[PDB]
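All values below come from the heavy atoms of this structure, side chains included, with hydrogens, waters and symmetry mates left out. Letters A, B, ... mirror the listed sequences (proteins, then strands); counts begin at 1.
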Amino acid sequence: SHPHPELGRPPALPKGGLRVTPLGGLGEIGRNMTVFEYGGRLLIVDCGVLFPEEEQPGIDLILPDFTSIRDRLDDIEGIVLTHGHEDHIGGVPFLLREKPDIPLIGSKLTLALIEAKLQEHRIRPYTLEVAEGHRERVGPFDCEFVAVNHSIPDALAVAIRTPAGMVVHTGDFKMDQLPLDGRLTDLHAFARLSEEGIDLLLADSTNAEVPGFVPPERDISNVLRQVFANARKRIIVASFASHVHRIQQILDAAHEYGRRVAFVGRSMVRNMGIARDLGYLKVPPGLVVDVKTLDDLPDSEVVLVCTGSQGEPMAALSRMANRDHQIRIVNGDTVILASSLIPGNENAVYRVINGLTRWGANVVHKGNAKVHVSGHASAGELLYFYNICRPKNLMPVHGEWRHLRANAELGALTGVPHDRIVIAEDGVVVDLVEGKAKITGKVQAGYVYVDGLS
RNA sequence: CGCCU
Ligand SMILES: [Zn+2]
Ligand SMILES: [Zn+2]
């Protein structure tokens, strides 16, 4: 059920066939990168980083291994970026460093985030801004973009038409039926595509073991309002700097309860700056202020929105927990971790929670309140989605082995034949020839470490 | 299930 221990290098790609090679994101969540080959030309979908398991000096970021494309960088027609999360765009500066003029293709918000990051590397990319419904030809790859709801706005899936057929890549997605911006995962589009014929579907496996459905994001508002309604002093809320809709709900609550909001921490100030500037984050006049003014306000009128929900030791929340921040936690402070607890950050996160608790804060988190919902489709949604797409072949992506296997089982339950479901690992080469996907070889795909200079 | 600075 797993790829053969000694697959060799793949054979020549038959004329009229398509080659699909995940270089990252399989067997380990992160550094997502998938290479598509047709007629000697390459299309890359996503290029992320992976964060190490507690690894000390010498190791900051982990990259996909570019060895299999490095001697044919001139064949790359473009890099499609499904959405602006670091495990999908973090690797881009390191790829462009080897060939700077590879066009970036993505939504407005996605491009604003990757351009912000690139500016620090002194790199100005060529870009093609796309939106849902746009269809564009990139060399031999005919690309159509489809809206998907996720935990960051402006995420996209892509359908890639070649003479080998149509491949659909979901990116990361779920299916919130009441999204804050009204932007649904576009099931009409997926239905139409399925009637044309989806020959190969690559689908997000992150939440495939979780039965049932993701609760809508907007339900978090009720919990926030309760917490705000009952907080008598300062409120401090930590979230990922990219979760615009979560932060939106925080501002709405603050507004409702007569509080003002300051953003704290480099990432948060930067991203919320961009979201507000471009209109993804809706901010009423008078609500957001500079943190320096909060001293002059009564505690009961204060909300700090800050960074460090994963216990990152340099982020704001951890420094506050360790008495090493401008903001000093006092008895009666309310702290909300409006976030997931990513498997493996448990020790860091609990260390922060315990620190905060020691200084007398009331700490609200997903363990004692519903202040977070997953950004990825659950088993129930995946069944809906497969019943709509009816793919002729299925490749689960974006998951550890337990995730990929569970996703494959869901596919099988909806009627995808078992011989048309392929579970790949990083570096495994899959060929779509005459409508059928088969594993045909493997390339080098180990870990590559980087200190900013690699 | 994506950082943070
Ligand atoms: Zn992801
Ligand atoms: Zn994501």
Participant: Just compare B:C3, B:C1, B:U5 and give me whichever is closest to any side-chain atom of A:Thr307.
Facilitator: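 Shortest atom-to-atom distance from the side chain points to B:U5.
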
Participant: Quick one: on RNA chain B, does A:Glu400 or A:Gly265 contact a more 5' nucleotide (nearest heavy atom)?
Facilitator: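 Nearest nucleotide further toward 5': that of A:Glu400.
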
Participant: Any base atoms under 4.0 Å from A:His150, or only sugar-phosphate, or nothing? Heavy atoms, all strands.
Facilitator: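 It contacts sugar-phosphate atoms only.
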
Participant: Below the 4.0 Å mark, does B:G2 have OP1 or OP2 next to a side-chain nitrogen or oxygen of A:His376?
Facilitator: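 A:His376 to B:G2 OP1/OP2: side-chain N or O found under 4.0 Å.
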
Participant: Heavy atoms from C-beta onward define the side chain here; which of B:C1, B:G2, B:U5 lies closest to that of A:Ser267?
Facilitator: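 Between B:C1, B:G2, B:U5, the one nearest the side chain of A:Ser267 would be B:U5.
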
Participant: In this structure, how many angstroms lie between the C1' atom of B:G2 and the CZ atom of A:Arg270, rounded?
Facilitator: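 Distance check: A:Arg270 CZ to B:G2 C1' gives 13 Å.
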
Participant: What is the nucleic acid contact for A:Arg402, judged by heavy atoms within less than 4.0 Å: base, sugar-phosphate only, or nothing?
Facilitator: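 Base: the residue A:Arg402, judged by heavy atoms under 4.0 Å, touches a nucleobase.
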
Participant: Would you indicate whether A:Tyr350, at its atom OH, is surrounded by more than 12 heavy atoms from other residues, nucleotides or ligands within a distance under 6.0 Å?
Facilitator: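 No, not enclosed.
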
Participant: Looking at A:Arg183, I'd like to know if its CZ atom is crowded, meaning that more than 12 non-hydrogen atoms belonging to other residues, nucleotides or ligands lie closer than 6.0 Å.
Facilitator: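 For A:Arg183, atom CZ is crowded (more than 12 foreign heavy atoms under 6.0 Å).
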
Participant: Please report, rounded to the nearest Å, how far the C1' atom of B:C1 is from the CD1 atom of A:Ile62.
Facilitator: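 Rounded to whole Å, this separation is 15 Å.
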
Participant: Scan A:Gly375 against the nucleic acid and name what it touches under 4.0 Å (heavy atoms): base, sugar-phosphate only, or nothing.
Facilitator: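 Counting heavy atoms under 4.0 Å across all strands, the contact made by A:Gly375 is with sugar-phosphate only.
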
Participant: Just call it for A:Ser242: base, sugar-phosphate, or nothing, with non-hydrogen atoms closer than 4.0 Å on any strand.
Facilitator: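 The residue A:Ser242 makes sugar-phosphate contact but no base contact.
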
Participant: Calculate the interatomic distance between A:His88 atom NE2 and B:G2 atom P; express it in whole Å.
Facilitator: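 The distance from NE2 of A:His88 to P of B:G2 comes to 6 Å, rounded to the nearest Å.
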
Participant: Need one value for A:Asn207: base, sugar-phosphate or nothing, where a base atom within 4.0 Å counts as base even if backbone is also close, heavy atoms only.
Facilitator: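 Here A:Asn207 touches no strand at all.
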
Participant: Side chains of A:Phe94 and A:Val448: does their closest heavy-atom pair fall under 4.5 Å?
Facilitator: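 Heavy-atom side-chain distance check fails, nothing below 4.5 Å.
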
Participant: Taking CG from A:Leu61 and P from B:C3, how many angstroms apart are they, rounded to a whole number?
Facilitator: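 A:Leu61 atom CG is separated from B:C3 atom P by 12 Å.
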
Participant: What is the separation between atom CZ on A:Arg31 and atom P on B:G2, rounded to the nearest whole Å?
Facilitator: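 Going from A:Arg31 (CZ) to B:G2 (P), I get 16 Å.
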
Participant: Suppose the criterion is salt bridge (charged side-chain N to carboxylate O under 4.0 Å, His left out): which pairs have a residue in residues 20-31 of chain A, not counting sequence neighbours?
Facilitator: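 The answer is A:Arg31-A:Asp426.
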
Participant: Give the rounded distance in Å between these two atoms: CD of A:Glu312 and P of B:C3.
Facilitator: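 A:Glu312 atom CD is separated from B:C3 atom P by 10 Å.
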
Participant: Taking the basic N atoms (NZ, or NE/NH1/NH2) and the acidic carboxylate oxygens, is any pair closer than 4.0 Å for A:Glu98 and A:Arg70?
Facilitator: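 Salt bridge present between A:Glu98 and A:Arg70.
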
Participant: Where does the angle between the aromatic ring planes of A:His88 and A:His83 fall among parallel (under 30°), tilted (30 to 60°) and perpendicular (over 60°)?
Facilitator: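 Rings of A:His88 and A:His83: tilted, as their planes differ by 30° to 60°.
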
Participant: Compare the minimum distances between each of B:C3, B:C1, B:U5 and the side chain of A:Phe51, then state the nucleotide with the smallest one.
Facilitator: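 Selected nucleotide (nearest to the side chain): B:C3.
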
Participant: If I take atom CD in residue A:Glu54 and atom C1' in nucleotide B:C4, what distance separates them, rounded to the nearest angstrom?
Facilitator: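 Going from A:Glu54 (CD) to B:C4 (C1'), I get 14 Å.
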
Participant: Regarding A:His243, tell me which of base, sugar-phosphate or nothing describes its non-hydrogen contacts under 4.0 Å with the strands shown.
Facilitator: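 Contact class for A:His243: none.
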
Participant: Across the strands shown, which category fits A:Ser374 at heavy-atom distances under 4.0 angstrom: base, sugar-phosphate, nothing?
Facilitator: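 If one applies the 4.0 Å heavy-atom cut-off, A:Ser374 turns out to touch the sugar-phosphate alone, with no base involved.
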
Participant: Starting at the 5' end of RNA chain B and moving along, which residue's nearest nucleotide shows up first, A:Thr206 or A:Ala241?
Facilitator: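 Its nearest nucleotide lies further toward 5', so the answer is A:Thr206.
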
Participant: Provide, to the nearest angstrom, the distance between the CD atom belonging to A:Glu120 and the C1' atom belonging to B:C3.
Facilitator: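 The distance from CD of A:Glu120 to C1' of B:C3 comes to 13 Å, rounded to the nearest Å.
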
